[PDB]
């Protein structure tokens, strides 16, 4: 049941990356709140909470497999963006990086014939598709506002509904 160290290290690295992800989304919330979009800010706070659930999934899996977690320093995230689109494009680029990190754990797990970790990671592959899809949809809806503040505010209301 004991997990290989190279896979352990990769999962611990990912845990720390999910923590930074949470912090980055909270920083995007600080931007939207300062720009007066409480709905966009709400969506970001929810996303920050979701990223913490990802981190704790990795946390508890590592201990299930006999490893231990070492928390690393969290870098200072950006706190400003040149507009709503710029913020969500930054979120999409961030998620693309997370997705490629997940595939690297998948590669290391299979090289170790660690099918338990391969199975564990399947949820995260599906979740990355979902999260990229949601960010693409927001970018699409924003593009289709064609700069009209009436539409942009209705989008703020919509994203403010996130459960």
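Numbering follows the first chain given and starts at 1.
Sort the modelled residues of this chain by their C-alpha B factor and say whether residue 148 lands in the lowest, middle or highest third. For residue 148, the deposited C-alpha B-factor lands in the highest third.
Chain third (lowest, middle, highest) by recorded CA B-factor, residue given as residue 154: According to the entry, residue 154 has a C-alpha B-factor in the chain's highest third.
Would you mind ranking residue 95 by its C-alpha B-factor against the rest of the chain and naming the third, lowest, middle or highest? Residue 95: CA B-factor falls in the lowest third of its chain.
Sorting by Cα B-factor within the chain, modelled residues only, which third would residue 51 end up in: lowest, middle or highest? Tercile = lowest for this residue's CA B-factor.
Chain thirds of CA B-factor: placement of residue 38: For residue 38, the deposited C-alpha B-factor lands in the highest third.
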